[PDB]
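Let me begin by presenting the structure, written as structure tokens, before commenting on it.
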RNA sequence: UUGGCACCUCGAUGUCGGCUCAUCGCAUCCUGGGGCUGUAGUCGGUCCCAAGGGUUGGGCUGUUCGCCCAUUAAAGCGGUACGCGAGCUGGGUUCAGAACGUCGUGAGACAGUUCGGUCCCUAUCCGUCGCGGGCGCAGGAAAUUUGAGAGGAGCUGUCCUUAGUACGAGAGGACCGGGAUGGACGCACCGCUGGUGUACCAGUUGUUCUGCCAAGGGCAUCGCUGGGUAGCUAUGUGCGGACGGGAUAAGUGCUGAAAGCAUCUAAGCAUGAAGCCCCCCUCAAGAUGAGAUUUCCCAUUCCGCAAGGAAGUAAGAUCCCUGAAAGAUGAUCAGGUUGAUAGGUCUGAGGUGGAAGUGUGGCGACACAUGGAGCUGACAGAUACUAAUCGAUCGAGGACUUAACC
Ligand SMILES: [Mg+2]
Ligand SMILES: [Mg+2]
Ligand SMILES: [Mg+2]
Ligand SMILES: [Mg+2]
Ligand SMILES: [Mg+2]
Ligand SMILES: [Mg+2]
Ligand SMILES: [Mg+2]
Ligand SMILES: [Mg+2]
Ligand SMILES: [Mg+2]
Ligand SMILES: [Mg+2]
Ligand SMILES: [Mg+2]
Ligand SMILES: [Mg+2]
Ligand SMILES: [Mg+2]
Ligand SMILES: [Mg+2]
Ligand SMILES: [Mg+2]
Ligand SMILES: [Mg+2]
Ligand SMILES: [Mg+2]
Ligand SMILES: [Mg+2]
Ligand SMILES: [Mg+2]
Ligand SMILES: [Mg+2]
Ligand SMILES: [Zn+2]
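Chains as they are written, first to last, in the authors' numbering: chain X, 2 to 208; chain d, 1 to 122; chain i, 5 to 118; chain p, 2 to 55; chain g, 2 to 120.
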């Protein structure tokens with residue numbers, strides 16, 4: 002497979018030459034750099050680390066600087082791992098650039114959703130409300146709690162709590178256009194995550 | 001956004017004037033039906049003549065809706081009244097005339113006869 | 005923002021005469037029945053011109069056989085041949101929503117050229 | 002609802018391990034020599050960030 | 002966004018207008034922390050209006066500032082003081098006309114107080 | 001289910017229907033795989049395996065029941081105090097009022113009918129959903145990870161071809177295999193259509209203030225009406241349940257004796273389902289069995305016979321301060337003067353819709369020009385003008401025993 006890391010920018014439209022409006026997300030990136038090649042004996046598996054979006058030095062400590070020194074580059078900000086991939090197209094210090102995705106491709110997108118804080122049941126799980134009339138005194142509440150016999154509550158009753166803010170994967174999106182100048186990617190549809198956040202793009206696995 | 005209990009006014013010389021929606025054909029839930037669909041409906045007001053009598057159960061297609069369809073090229077279209085045309089159990093209409101324009105998502109479907117009988121298609 | 009700005013503006017269209025809401029104009033749309041490309045002529049009153057950038061749309065409204073019809077487009081679509089302009093009109097709002105009612109009923113509700 | 006059983010001393014004392022205060026953030030106004038608190042005006046010296054503030 | 006200060010919209014606006022005129026008059030007032038933190042972003046806009054200095058901006062400011070007497074022996078009104086004196090003083094400084102200094106907490110309710118003043 | 005007994009509860013275990021939320025069994029309603037048929041085909045009938053998922057909107061009655069209308073692939077049967085009232089409702093049910101029918105001489109009565117009729121509780125403990133602090137894991141730290149194990153998801157229609165072919169006098173009309181396109185359900189998101197948008201823009205009534213005109217402020221639900229940025233949103237948009245592998249159930253078998261034959265089996269070898277275990281998505285080393293990899297810091301000073309203890313520090317982190325992609329509070333994330341973290345200023349985006357002043361025309365209300373003007377909360381960029389000052393605290397010196405190599 003193959004994948005890169007990037008940043009979310011925003012959404013807009015483009016016109017296919019057929020003359021069809023298409024919602025488009027704009028994910029930019031910079032040349033990612035391999036940092037470490039996890040072999041099959043030192044580590045019980047096979048993968049590569051990817052760095053991205055270097056930071057100014059005053060924010061980097063000595064351990065991280067030493068870690069990066071093997072690749073001879075500036076200390077990056079995000080460092081992720083990419084597992085299923087051939088391990089001879091890559092050597093530490095190599096650059097990975099956006100041009101590895103032709104148009105009309107099919108890829109997978111992985112991010113982290115945007116938070117919503119403490120949330121009730123009606124919104125967190127999409128339940129129903131009681132009638133708001135006819136003498137009722139019940140609406141926006143999590144319903145009953147179970148039968149009497151167990152003398153307890155089964156593990157699995159859904160209740161209010163902190164909502165959103167976790168990893169999410171969307172599948173089978175199509176690359177629309179690629180710009181090697183601004184280092185951009187244009188994707189049909191829309192991906193999770195708030196603006197100015199990390200975004201992972203990998204080749205489709207369901208294939 | 002026609003749904004159960006919505007009232008519509010027919011757009012043909014069948015004899016009925018307005019009609020009431022009973023059920024939306026399709027899957028099991030089918031909360032609603034937009035333009036270019038078929039419903040089952042009962043007549044509420046009819047002209048003294050006409051081939052249809054007041055208080056029956058008939059099938060009809062949807063030709064115009066206030067909320068309107070959305071085409072693939074980003075364009076939209078809308079009307080300002082909900083209309084329908086009675087169906088003779090198959091895409092053939094029952095009346096002979098058609099009043100007011102009809103949408104264009106009918107030709108994409110198999111309603112050739114209607115879209116031919118229309119004064120103008122949009 | 006500037007990135008979105010230019011990478012979109014590449015596709016912009018630079019032949020449309022300026023026009024404010026509240027003025028009739030003809031539109032030449034390319035409808036295709038799979039074989040040829042008729043050119044439907046649809047003219048009416050500009051009810052609303054909304055949004056900016058490549059997303060800017062507008063709305064035209066007209067009456068035909070008693071019933072009124074609305075129709076919107078994105079201003080930069082290639083589905084449009086050209087846009088004439090029939091008559092300017094003087095108005096005060098920027099959203100002529102009130103026209104949705106005062107159409108028939110002998111209500112001569114029109115505009116006046118500037 | 003109602004307390005079904007009284008609470009022992011053990012539980013009462015265990016619950017209160019997190020009910021305490023925090024020593025404030027103190028510093029030294031290097032104009033008078035007393036203990037102001039950070040990012041605030043030394044009400045003793047009446048001075049802050051070198052100069053004075055009437 | 003912007004704070005609400007636990008008051009109805011109208012009450013909030015009124016309190017803000019009053020604090021503004023009072024600061025223009027005294028040039029150093031003293032109040033709670035968040036209140037001043039909110040107030041500065043209005044005082045600066047008023048000072049900008051004054052720096053522009055024409056009939057239009059003057060009427061705009063008058064539609065916001067109260068009618069108090071700044072220096073009574075001269076019978077100068079707060080608005081005139083603002084325009085003439087302040088505009089003449091902060092003639093060239095590009096924004097950032099105020100400053101905030103934090104005191105300890107109050108006694109009756111432990112609220113943290115602070116001092117706001119013109120630069 | 002209708003019953004029988006009277007073992008617990010009368011110093012209180014509150015009924016029937018409906019709402020919200022579900023979960024389990026399988027004697028299966030649909031979808032999956034089969035045997036037989038009085039199965040030509042398309043429909044079927046009956047029996048075997050199978051509980052993964054799915055299983056509706058109204059009319060009439062307080063109603064469960066029941067009948068009816070219209071759809072669907074299907075409109076399953078049961079348990080969980082005839083599930084669930086410290087979660088809701090109170091329609092019927094059984095208090096006090098009144099009336100009718102019948103019985104009683106009478107007060108009254110009826111499991112006859114009808115109208116009206118007070119529903120209390122701030123969550124101590126276990127339990128369920130979320131979020132923190134301490135310590136551990138034989139030195140002290142920063143990152144990236146494997147995955148024992150746990151959860152999620154699992155539905156299905158119509159149409160076109162193969163083909164009017166097989167089959168059938170005819171009527172009618174396929175399996176298998178391809179390809180489009182829906183229903184319901186779920187996840188994410190605000191570019192589009194719309195909603196909201198109480199410190200945005202405009203119009204307008206009454207009254208009262210800024211001495212007066214002109215221009216403005218206050219109050220009247222935000223005074224009312226027309227629009228609307230950012231955020232948050234669905235009815236809006238995008239995508240998903242695909243393709244498969246291994247072992248099986250019912251079934252179908254191959255070879256083959258016991259028993260010269262026969263035989264699916266005893267020894268041997270296969271095939272075989274929406275089930276089972278993987279493939280997909282998420283959590284996950286407090287997995288005390290406390291894992292792995294990469295990088296940084298070093299092995300000070302005092303005491304202490306000794307054992308060990310104490311103090312300054314390294315790498316690093318926190319207190320405090322500016323905040324929001326975060327948020328009930330902690331927490332997380334971006335920054336702290338070699339800096340754009342926030343505010344202001346300048347320039348824009350969008351929103352509203354032609355400011356004031358002056359001039360011209362009109363007797364006047366008003367119109368026109370100066371001029372897409374004026375104004376502008378949250379959005380973009382640049383800009384150190386103001387504020388993140390000075391400081392303080394925490395934080396290693398690496399136990400023994402074996403075997404390798406030395
Ligand atoms: Mg409901
Ligand atoms: Mg138990
Ligand atoms: Mg103590
Ligand atoms: Mg008010
Ligand atoms: Mg008791
Ligand atoms: Mg069974
Ligand atoms: Mg019950
Ligand atoms: Mg029982
Ligand atoms: Mg209960
Ligand atoms: Mg009585
Ligand atoms: Mg009588
Ligand atoms: Mg008698
Ligand atoms: Mg009653
Ligand atoms: Mg409660
Ligand atoms: Mg408690
Ligand atoms: Mg937007
Ligand atoms: Mg006046
Ligand atoms: Mg008053
Ligand atoms: Mg409004
Ligand atoms: Mg921001
Ligand atoms: Zn001091």
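All C-beta atoms in this analysis are idealised placements derived from N, C-alpha and C, irrespective of residue type, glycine included.
- Counted as a single uninterrupted DSSP element, the stretch harbouring residue 95 of chain X is not any beta strand (DSSP E), since DSSP gives it neither H nor E.
- Here residue 19 of chain p is exposed. Its C-beta has fewer than 16 other C-beta atoms within 10 Å.
- Runs of the beta strand (DSSP E) lying entirely within the stretch 12-90 of chain d and spanning at least 3 residues, in chain order: 16-24, 38-46, 57-64, 76-79 and 83-87.
- Spanning the alpha carbons of residue 29 of chain X and residue 204 of chain X requires a straight line of approximately 17 Å.
- The C-beta of residue 62 of chain i comes no closer than 7 Å to any C-beta of chain d.
- Within the stretch 119-153 of chain X, no run of beta strand (DSSP E) reaches 3 residues while sitting entirely inside it.
- Identification of residues in the stretch 142-176 of chain X having a C-beta nearer than 9 Å to some C-beta of chain d yields an empty set.
- At a Cβ-Cβ threshold of 7 Å, residue 105 of chain d and residue 22 of chain d do not count as neighbours.
- For the options g:41, g:25 and g:88, the alpha carbon positioned closest to that of residue 3 of chain g is the one of g:41.
- Across the stretch 36-49 of chain g, no CB contact with chain p closer than 9 Å is found for any residue.
- Here the C-alpha atom of residue 71 of chain g lies approximately 23 Å from the C-alpha atom of residue 97 of chain g.
- In the structure shown, residue 168 of chain X falls within a strand segment according to DSSP collapsed to helix, strand and coil.
- The C-beta of residue 36 of chain d comes no closer than 7 Å to any C-beta of chain i.
- For residue 106 of chain g, there is no enclosing alpha helix (DSSP H); the enclosing beta strand (DSSP E) has its first and last residue at 99-106.
- Judged by beta-carbon spacing, residue 63 of chain i lies beyond the 7 Å limit of residue 45 of chain i, meaning their Cβ atoms are not closer than that value.
- Under the DSSP assignment, residue 72 of chain g falls outside any alpha helix (DSSP H), being part of the beta strand (DSSP E) whose first and last residues are 70-72.
- The beta carbon of residue 134 of chain X sits no closer than 6 Å to any heavy atom of ligand 1.
- Here residue 45 of chain g has 98 as same chain residues with Cβ atoms under 6 Å from its own Cβ, once five neighbours each way along the sequence are excluded.
- Residue 38 of chain p: not part of any alpha helix (DSSP H); DSSP gives it neither H nor E.
- Taking a contact as a CB-CB distance under 8 Å, the pair residue 61 of chain i and residue 47 of chain i does not count as one, their CB atoms being some 18 Å apart.
- Contacts with chain X at 7 Å (Cβ-Cβ) do not include residue 13 of chain i.
- A distance below 7 Å separates the beta carbons of residue 174 of chain X and residue 110 of chain X.
- Within the same chain, Cβ atoms closer than 7 Å to the Cβ of residue 23 of chain i are found at 29, 50 and 89, the five residues on either side in sequence being excluded.
- Classified as exposed, residue 168 of chain X has fewer than 16 neighbouring CB atoms from the shown chains inside 10 Å of its CB.
- DSSP places residue 39 of chain i outside both helix and strand once states are collapsed to three, so it counts as coil.
- Interface annotation, residue 83 of chain i: in contact with chain X, CB-CB separation under 7 Å.
- The bridge partners DSSP lists for residue 77 of chain i are i:62.
- In this model, residue 89 of chain g and residue 60 of chain g are separated by some 19 Å (Cα to Cα).
- In the structure shown, residue 9 of chain i falls within a helical segment according to DSSP collapsed to helix, strand and coil.
- Cβ contact annotation for residue 14 of chain X (same chain, cutoff 8 Å, sequence separation greater than five): 22, 23, 24 and 25, in chain order.
- Taken in chain order, the members of the stretch 14-41 of chain X whose beta-carbon sits within less than 7 Å of a beta-carbon on chain d are 20, 21 and 22.
- For residue 119 of chain g, not one C-beta of chain p is nearer than 7 Å to its own C-beta.
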